[PDB]
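[1] model this:
(2 chains, ligands or ions: 4)
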Protein chains: 2
Amino acid sequence: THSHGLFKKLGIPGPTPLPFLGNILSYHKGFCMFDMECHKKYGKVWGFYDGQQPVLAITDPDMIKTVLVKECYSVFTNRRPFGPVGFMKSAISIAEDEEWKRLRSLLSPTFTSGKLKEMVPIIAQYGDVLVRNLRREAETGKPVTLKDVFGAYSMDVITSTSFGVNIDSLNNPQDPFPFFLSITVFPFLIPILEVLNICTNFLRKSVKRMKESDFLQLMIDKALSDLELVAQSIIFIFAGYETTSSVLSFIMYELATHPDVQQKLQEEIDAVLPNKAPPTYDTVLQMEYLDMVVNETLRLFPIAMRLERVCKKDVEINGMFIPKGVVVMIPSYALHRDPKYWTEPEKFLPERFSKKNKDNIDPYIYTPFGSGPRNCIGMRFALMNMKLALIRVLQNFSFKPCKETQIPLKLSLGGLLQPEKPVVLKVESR
Amino acid sequence: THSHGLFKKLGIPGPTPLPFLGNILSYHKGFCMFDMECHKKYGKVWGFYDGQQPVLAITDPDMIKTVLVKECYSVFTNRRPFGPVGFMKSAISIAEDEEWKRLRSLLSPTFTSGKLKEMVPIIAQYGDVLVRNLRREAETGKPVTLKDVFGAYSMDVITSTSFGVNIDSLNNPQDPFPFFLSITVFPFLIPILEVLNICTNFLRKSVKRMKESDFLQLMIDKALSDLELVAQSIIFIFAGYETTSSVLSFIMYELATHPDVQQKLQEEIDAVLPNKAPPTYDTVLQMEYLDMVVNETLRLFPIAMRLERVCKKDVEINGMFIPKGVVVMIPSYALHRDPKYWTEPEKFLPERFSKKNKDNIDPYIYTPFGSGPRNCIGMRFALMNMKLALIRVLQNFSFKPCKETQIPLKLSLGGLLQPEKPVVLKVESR
Ligand code: HEM
Ligand code: HEM
Ligand SMILES: O=C(N[C@H](CS[C@@H](Cc1ccccc1)C(=O)NCCCc1cccnc1)Cc1cccc2ccccc12)c1cccnc1
Ligand SMILES: O=C(N[C@H](CS[C@@H](Cc1ccccc1)C(=O)NCCCc1cccnc1)Cc1cccc2ccccc12)c1cccnc1
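    Numbering: from 1, shown residues only, chains lettered A, B, ... in the order given. Ligands and ions are numbered 1, 2, ... in the order given. Below is the structure in question.
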């Protein structure tokens, strides 16, 4: 508990840290409730300890703009060190400084407006596998676990949008994937596990055997290793499955508990796409209410909850001294629910993002995809992927609450932003 | 042994590393013999592994100038990480990047030509305690352990040149101070010990109680903490004792085994200082042969043996790619004995440093005090301290080999550059 006097010195409020543990016992209600409580207890700026690690929480939109944008390349370049990783240290999400800058430029032309438009005719296939897999569980009046049929779709998308492998995700899906804590109170142990190779060889040799003799194309086309190829593929595999399915489950819960929004969305889909027209790249972007629903759900459920940057050297941002080594954190979940910015923040209201009202929204308060040079590189792909899925599903089915549907939806009091009970809804055919 | 293929990839020769251990088993003859052997086996550039840590050895004087001078602030700023340290991480010798740059500027005016000239009237006291402590062990024909009477002098110097405490170092000296290895093959364990406070509180509270209510003066006069004061004091205490005594023992051994040089030096001392005149700041600098003896001894015995810098990012120096994280090492001991630069290098010959021959010496081959911005900050003080001691001792005593004198002198086959057996010589009074 030696370094537990930093914020007392700097005159920054926060919860009193216990020795060794710091303030980690306060995570018993989850990161979200802890951040929402501290945002009320200490105001605009406070600090806590993840073990011996000082973490300063900031809410000033100017100070957030400074960290994420103005001083990204200079001071706030990297996220919190995460280990043990092994060869995955070369992943773009985990790499640091110059190595990250080289990876960012190398992987950036994957999600251009042109490369995304090339994927719309490809994504349109598994949307029909998604509907037909749902039409079976709908003609039988059997409630549907959404994350299963969504994850089956989300897995089909990422394997082909990046590589080209086509699999109906109801036969054998070759893609499998607590203790993830303790690292906080035992980071000294991270370099320890850095050597006993505790990092499966499943795609470590299978994806490594991407002989191919797309994102896989533009890579072999400084330079990039074939393993540097494996680690990035795993990263792009991580997001496009779990994030895509979890948000789509979050959307259908809110569309089920708010039937008025679900119908108003179905009316717009039939308008832009008459006769159940196939969704194209440009017709998806025309739908504004679909964008408002996705934006409002991501406000209530920012699947990242927090944004983090490591302060690599002493700085004085927006009139506040911040010492080297301190982790700067932006409580995305708490800011998305801050009543000082959102009227009735717990209520699902897509009209916050109407073009009449989308101007009263600060882009450093609503940050579902981060901000600055190190934002979510797969943002445009993710939004398009989820929107292409919502259109084809709502064009065919309507969703109603079931007997076993968790109303209201508890968030996972544990680590990652998921529901406690899975989202099960009744599916009816139009 | 995963990272044991770096030099095989780069096409750089070196000894084959065993798993986990790397090449540390080759240290069984000491760093010096290992460096001298590898300098012959692989030529101008080679690499080895300190456990899993790659260390690239360079001998090209241009590449040495690049690392130590041209690219010091940019790439080669810090030495190898050393731990566990505790609060001593703020020491100038251990600090890194900006924190070191702030410490360097803050402590640099301590060893100016003016501040050194203020210490000559102060150092002249304990030189007489050194002579009188020797005159007792000389009027009794009892051989003298040099490092005892030298360390007693060297301890008297550092306590007053920096603080002002006066003690005859034959009563109780309040200054006490293997496993130091393993860190190489167990650095993962360094952050581990970083928390169980394995770093005595002896001067940690005594020197901390430097109420004083000099180097201590110029400190309280960005800013500097009072603990930042303790750590630096300990650093300055480390060098001025052990380094000063060990080199003075190295000099008297060579002056004893080479009586012709010892007399030619005594003749110059009586010339510049007739009637055993007290040595002053300017009379010490006039003595060239005294400088040549000190320089030649430091060639045969560079007490640091090696210079090291951590390559903080990918670079291509003098036409050689060097990857991030690699430790760049300059084998000072091996270069000081390189026959490609020195004629009969094992032979003590102060005439190498005569002004007729001091021009045939490359300053990036002879580096007893390092080079560049991070050179030995206490160089000018150390040379003056040792020279002020040699003058007053040789003005009174002559030294001859004894029965138990180790001839030839074995170097310590262990870690730090010391003799195996201590240097014991017979002392006679002129
Ligand atoms: C609803 C979907 C998604 C959300 C809400 C989301 C959110 C985020 C957030 C908050 C960050 C951190 C930004 C920061 O710290 O400033 C991030 C980073 C990242 N995202 Fe996503 N993400 C989503 C989907 C995806 C997808 C489909 C990909 C496909 C490759 C992806 C790839 C990445 C990568 C590689 C990073 C690391 C960026 C870097 O380190 O340069 N994400 N994402
Ligand atoms: C015969 C006497 C001495 C020798 C041969 C010697 C040698 C060296 C060497 C080789 C280095 C490393 C240079 C490099 O890596 O480039 C160094 C650094 C250093 N020396 Fe000495 N030294 C001696 C005495 C002293 C004394 C009396 C002091 C008094 C304060 C001192 C203070 C330091 C410090 C603080 C550093 C670290 C420099 C930095 O990190 O900026 N040394 N010395
Ligand atoms: O990713 C989850 N935990 C991460 C751990 S780091 C790493 C994952 C990893 C790589 C190699 C070995 C072991 C693990 C990573 O590359 N992760 C972002 C990639 C997908 C992605 C995910 C989300 C948004 N966008 C892209 C921390 C984290 C959480 C949340 C948001 C983050 C945002 C940025 C960086 C780290 C973030 C995770 C979460 C839930 C289920 N499964 C895994
Ligand atoms: O210092 C010796 N071991 C060092 C270890 S790091 C540190 C010492 C320390 C600080 C705080 C906690 C524990 C240890 C240090 O501050 N050390 C240079 C200071 C004196 C000094 C010494 C020599 C020259 N000039 C100044 C590595 C090293 C060796 C040799 C030369 C180096 C040169 C530069 C940096 C590290 C060097 C050591 C050696 C022999 C006996 N006793 C201790």
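[2] so is the host helix or strand of residue A:245 next to ligand 1?
    If you go by DSSP states H and E, residue A:245 is part of helix A:227-257. Yes: judged by Cβ under 6 Å from any ligand atom, helix A:227-257 comes into contact with ligand 1 at A:235, A:236, A:239, A:240, A:243, A:247. C-beta here means a position set from N, CA and C on the backbone, and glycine is covered the same way.
[3] now distance to ligand 3 and neighbour count too, for those, in JSON lines please.
    Shown next, in JSON lines, are these (distance: Cβ to the nearest ligand atom, whole Å; neighbours: other Cβ atoms under 10 Å in any protein chain shown):
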{"residue": "A:235", "distance to ligand 3": "5", "neighbour count": "19"}
{"residue": "A:236", "distance to ligand 3": "8", "neighbour count": "22"}
{"residue": "A:239", "distance to ligand 3": "4", "neighbour count": "18"}
{"residue": "A:240", "distance to ligand 3": "8", "neighbour count": "21"}
{"residue": "A:243", "distance to ligand 3": "5", "neighbour count": "19"}
{"residue": "A:247", "distance to ligand 3": "10", "neighbour count": "25"}
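[4] closest to residue A:140 among those?
    Nearest to residue A:140 among the residues of helix A:227-257 next to ligand 1: residue A:247, at 26.7 Å, using Cβ to Cβ.
[5] I'd say the closest one and residue A:301 touch.
    Yes: between residue A:247 and residue A:301 there is a contact under Cβ atoms under 8 Å: 7.0 Å.
[6] got a list of what residue A:83 touches?
    By Cβ atoms under 8 Å, 6 or more residues apart in numbering or on different chains, the contact set of residue A:83 is A:183, A:187, A:190, A:191, A:193, A:194.
[7] my bad, residue A:119
    A:161, A:381, A:384.
[8] out of the residues you listed, which are buried?
    When the contacts of residue A:119 are checked for burial by 16 or more other Cβ atoms under 10 Å in any protein chain shown, the buried set is A:161, A:381, A:384.
[9] distance of the second one relative to ligand 3?
    In this case it means residue A:381. Taking Cβ to the nearest ligand atom, to the nearest Å as the measure, residue A:381 falls 11 Å from ligand 3.
[10] so which strand or helix has that residue?
    Assigned by DSSP H and E, residue A:381 falls within helix A:379-394.
[11] hmm, back to that, if we check ligand 2, which of the residues of helix A:227-257 next to ligand 1 are in contact?
    Okay, of those, nothing touches ligand 2 (Cβ under 6 Å from any ligand atom).
[12] tell me which two of the residues you listed sit farthest apart.
    By the measure Cβ to Cβ, A:235 and A:247 form the most distant pair in the residues of helix A:227-257 next to ligand 1, at 17.9 Å.
[13] adding distance to residue B:421, secondary structure and neighbour count, write the contacts of residue A:83 out as JSON lines.
    Listed next are those as JSON lines, based on distance: Cβ to Cβ, whole Å; DSSP: H, G, I helix; E, B strand; the rest coil; neighbours: other Cβ atoms under 10 Å in any protein chain shown:
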{"residue": "A:183", "distance to residue B:421": "50", "secondary structure": "coil", "neighbour count": "20"}
{"residue": "A:187", "distance to residue B:421": "46", "secondary structure": "coil", "neighbour count": "22"}
{"residue": "A:190", "distance to residue B:421": "45", "secondary structure": "helix", "neighbour count": "16"}
{"residue": "A:191", "distance to residue B:421": "40", "secondary structure": "helix", "neighbour count": "18"}
{"residue": "A:193", "distance to residue B:421": "45", "secondary structure": "helix", "neighbour count": "17"}
{"residue": "A:194", "distance to residue B:421": "42", "secondary structure": "coil", "neighbour count": "19"}
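[14] redo the residues you listed as a markdown table? Include distance to residue A:323.
    Output for those, formatted as a markdown table (distance: Cβ to Cβ, whole Å):
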| residue | distance to residue A:323 |
| --- | --- |
| A:183 | 22 |
| A:187 | 18 |
| A:190 | 22 |
| A:191 | 23 |
| A:193 | 28 |
| A:194 | 26 |
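[15] of those, closest to ligand 2?
    Distance to ligand 2 across those (Cβ to the nearest ligand atom) is lowest for residue A:191, with 24.2 Å.
[16] ok, back up a step: direction included, what does the following helix or strand past the helix holding residue A:381 pair against?
    As assigned by DSSP H and E, the chain's next helix or strand after helix A:379-394 is strand A:397-401. Paired with strand A:397-401 in the same sheet, following DSSP bridges, are strand A:424-429 (antiparallel).
[17] what sits against residue A:295?
    Per Cβ under 8 Å, 6+ apart, neighbours of residue A:295: A:350, A:353, A:366, A:368.
[18] would you mind measuring from the third one to residue B:251?
    Separation of residue A:366 from residue B:251 (Cβ to Cβ, to the nearest Å): 72 Å.
[19] and for the first one?
    If you measure residue A:350 against residue B:251 using Cβ to Cβ, the figure is 85 Å.
[20] which residues of the stretch 201-350 of chain A lie near ligand 1?
    Counting by Cβ under 6 Å from any ligand atom, the stretch 201-350 of chain A sits next to ligand 1 at A:235, A:236, A:239, A:240, A:243, A:247, A:303, A:304, A:307.
[21] so the first one makes contact with residue A:93?
    Yes: because the distance of 5.4 Å satisfies Cβ under 8 Å, residue A:235 is recorded as touching residue A:93.
[22] mind listing what's buried in the helix holding residue A:245?
    For helix A:227-257, by 16+ other Cβ under 10 Å, it's A:228-237, A:239-257.
[23] now the element after it, going C-ward?
    helix A:259-272.
[24] outside of that next one, which residues touch it?
    With Cβ under 8 Å, 6+ apart as the test, helix A:259-272 has contacts from A:254-256, A:276, A:283, A:286-290, A:293, A:348, A:350, A:390-391, A:394-395, A:398-400.
[25] the residue of the stretch 251-400 of chain A found nearest ligand 3: how many residues sit nearby?
    Residue nearest to ligand 3 within the stretch 251-400 of chain A: residue A:304 (4.0 Å; Cβ to the nearest ligand atom). Under the neighbour criterion other Cβ atoms under 10 Å in any protein chain shown, residue A:304 is assigned a count of 18.
[26] mind checking how far it is from residue A:229?
    Between residue A:304 and residue A:229 the computed distance is 25 Å (Cβ to Cβ).
[27] try residue A:274
    Distance from residue A:274 to residue A:229, by Cβ to Cβ: 43 Å.
[28] same deal with residue A:143?
    Going from residue A:143 to residue A:229 by Cβ to Cβ gives 41 Å.
[29] I'd say residue A:368 and residue A:297 touch.
    No: counting by Cβ under 8 Å, residue A:368 stays clear of residue A:297, with 9.3 Å between them.
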